[PDB]
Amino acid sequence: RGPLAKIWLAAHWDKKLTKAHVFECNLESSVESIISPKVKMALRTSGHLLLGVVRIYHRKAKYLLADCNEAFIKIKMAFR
């Protein structure tokens, strides 16, 4: 549990990642709790977190794309 544990699950097991989980996540404030960590971290665990961040980043992107498509085809929809 904690701030980064949401990123941990992202890089090993994104089953526990809701849409709202992805949305809720502040990537910037997370790479910050990676770069200045509570206790300097093994090069292994840094590499994992790195992936998790990019996972969430990717899903955010995926969702936004989905939504911009729906929104656009909603518009020319309403032209007739």
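C-alpha atoms forming the largest set that superposes within 1.5 Å between two forms make up the rigid core. Position 1 is the first residue in the sequence shown; the rest follow in order.
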### Query
Which is farther from the shown form in 4 other deposited structures of this protein in C-alpha RMS with the core fitted, 50-58 or 31-39?
31-39
### Summary
in 4 other deposited structures of this protein, with the rigid core superposed, the stretch whose C-alphas stray more from the shown form, 8-16 or 60-68, is 8-16
### Task
Going by the average Cα B-factor in the PDB entry, point out whether 50-58 or 27-35 comes out higher.
27-35
#### Entry: Entry-level comparison of average CA B-factors, 61-69 and 12-20, reporting the higher stretch
12-20
